[PDB]
């Protein structure tokens, strides 16, 4: 890594969790290669001999730890360790069968959730497939729940080598969509034909969009559909590329302004010298975000709190 470039800066105290994430990344096949450097010099290169083999991925993870654990743990002042991480989120898999089953049970906990209610004279809902003697729609016996739309479970042929895959199998519904006492025939309910699989390819299941009803037409409905798996990117960062991580021998200063006790801006200035342009640019990014809604890399929402990062030049004299 190079000073001031885009990338992550881990403090010494947190080296263990950082390496664990790289290990997990190697294990779940997110990370294809990691080039390791002690200070400015490249000392090693970690990569599984074949990504499709579990043993090779574990071997890579063990080697990574074995190499760096002493260097990081005993890191002196001015010393640092840089990781250049060739990653590709599309290759990421679910390596644990327990994790796949944990998603299936998560999906199964929705089975009783009603998607469409039984129809009334006022409101559209579930009606019977055949009309009464007079040629008007009659209410359905039961509401449309998730259990009626699809069943869940992991797909056959999964393994720790290749990865497990939670699968959704579309059900069958005879009941249709309409109003009770209406002459127009109930609209057929389109069950999920797509997005039936989820391998977890660097994404997580968006439950706001997954197994949701989509009525088309408005006042006069013409089509009703229920979505399959609709995912969301678990991070804002690009799917493929290379990322730089750096561990340094510096203490982390958490300044929570909402806390009962925190370091005042005065005492912080007293303790460190900050680059004026680093501050001014951060301040401008805050003012711009406050007044105009303009978002920036410099100021960001993390865990219900706006935060800025400063790496001061050094401590202040006196």
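Numbering follows the first chain given and starts at 1.
Student: Taking only the CA atoms, which stretch has the higher mean B-factor in the record, 78 to 86 or 231 to 239?
Tutor: On average, C-alpha B-factors are higher across 231 to 239.
Student: As stated in the PDB record, which stretch has the larger average Cα B-factor, 46 to 54 or 281 to 289?
Tutor: Looking at the recorded C-alpha B-factors, 46 to 54 comes out higher on average.
Student: Against its chain's modelled residues, does residue 247's Cα B factor rank lowest, middle or highest third?
Tutor: CA B-factor rank for residue 247: lowest third.
Student: Lowest, middle or highest third: which one holds residue 167 when the chain's residues are ordered by CA B-factor from the entry?
Tutor: For residue 167, whose C-alpha B-factor we compare with every modelled residue in the chain, the answer is the middle third.
Student: By its CA B factor, does residue 10 count among the lowest, middle or highest third of the modelled residues in the chain?
Tutor: For residue 10, the deposited C-alpha B-factor lands in the lowest third.
Student: Using the B-factors in the PDB entry, rank residue 73's C-alpha atom against the chain and give the third, lowest, middle or highest.
Tutor: Lowest third, going by the recorded CA B-factors of the chain.
Student: Could you place residue 301 in the lowest, middle or highest third of its chain by Cα temperature factor, using the values in the record?
Tutor: Middle third of the chain for residue 301's C-alpha B-factor.
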